[PDB]
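Numbers 0, 93, 2 to 85, taken from the deposited numbering, label the letters of the sequence shown in order.
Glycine included, every Cβ here is placed at the ideal spot set by N, Cα and C.
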Amino acid sequence: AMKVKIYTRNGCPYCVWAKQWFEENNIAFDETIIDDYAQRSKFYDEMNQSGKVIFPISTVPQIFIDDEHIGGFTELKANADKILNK
Ligand SMILES: N[C@H](CCC(=O)N[C@@H](CS)C(=O)NCC(=O)O)C(=O)O
Ligand SMILES: C[As](C)(=O)[O-]
Numbered sequence: 000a093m002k003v004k005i006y007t008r009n010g011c012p013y014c015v016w017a018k019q020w021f022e023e024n025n026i027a028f029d030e031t032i033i034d035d036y037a038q039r040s041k042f043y044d045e046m047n048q049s050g051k052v053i054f055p056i057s058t059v060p061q062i063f064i065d066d067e068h069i070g071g072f073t074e075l076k077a078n079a080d081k082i083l084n085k
């Protein structure tokens, strides 16, 4: 098992597409839901200064796999083949 963390909000379809991808491939994940604008911007600013992201984030979903920042849904799909090797 690889360790997957996804940061999301409700009413974000790209967050659902990301989760659905993991689910359709039987990959478990831990979801953190941050619905309010205040909580999300604090999370963005925190991550953007944490050293852990590979670009400055300002949307959800944000996906991390084994502690490596992958990105949003576009990035997930771009790496679909490699992630399914893990
Ligand atoms: N240029 C991308 C388009 C992104 C997209 O297709 N939707 C976003 C949801 S706001 C996403 O998570 N897709 C992949 C990504 O942005 O990295 C962006 O910054 O939003
Ligand atoms: C602009 As948003 C909170 O759907 O990533």
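Residue i beta carbon near ligand 2 (any heavy atom closer than 7 Å)
| i | result |
| --- | --- |
| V59 | yes |
Under the three-state DSSP convention, the category residue i falls into
| i | result |
| --- | --- |
| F63 | strand |
| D44 | helix |
| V15 | helix |
| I69 | strand |
Residue i vs residue j beta-carbon contact at 8 Å
| i | j | result |
| --- | --- | --- |
| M93 | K81 | no |
| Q61 | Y6 | yes |
Residue i Cβ short of 7 Å to ligand 1 heavy atom set
| i | result |
| --- | --- |
| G70 | yes |
| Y13 | yes |
| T31 | no |
Touching by the beta-carbon criterion (3+ pairs, under 8 Å), the region 16 to 29 and the region 38 to 52: no
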